[PDB]
């Protein structure tokens, strides 16, 4: 697969992947599916902030997965920190697309001069925790029963990657 910036034509594929995660996994703690308009607004909001939306695609242009990041917490002081998301279409798992997407995202974040990338992962998702660990992320939090989905409590694991360790001051 090849990694590139998402275009409007990729939204339908992104939408399908997102809604599949919503209905079948704990990767996203939302149970209500969204529509195209919702993802179009999201697409525009990201462009407005200069934040990237990447997609793993093939020669045909099918969306095999996507990744992006946005603000983490609503306070001026967290401006050097973003929370990202990586979604691989179910049938494309086990092919390293997650690694390709996250590596590309890390490079864009660093190029944008950001300082820290935060990952919010459901604690039982060993596959995701491992992917992040091998890309430099370190566990920074374990928060039990802070979430819920499918009628059960869920635990959240926080991980983070410092994009510029030598930058001792903002």
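Positions refer to the first chain, counted from 1.
Remark: stretch with higher mean C-alpha B factor among 20-28 and 149-157 is 20-28. Taking only CA atoms, the mean B-factor in the PDB entry is higher for 37-45 than for the other of 136-144 and 37-45. The entry assigns its greatest Cα B factor, within the set 119, 105, 60, 127, to 60. The PDB entry assigns residue 9 a C-alpha temperature factor belonging to the highest third of its chain's modelled residues. Residue-level temperature factors show residue 111 in the highest third of its chain, judged at the C-alpha atom. The PDB entry assigns residue 75 a C-alpha temperature factor belonging to the highest third of its chain's modelled residues.
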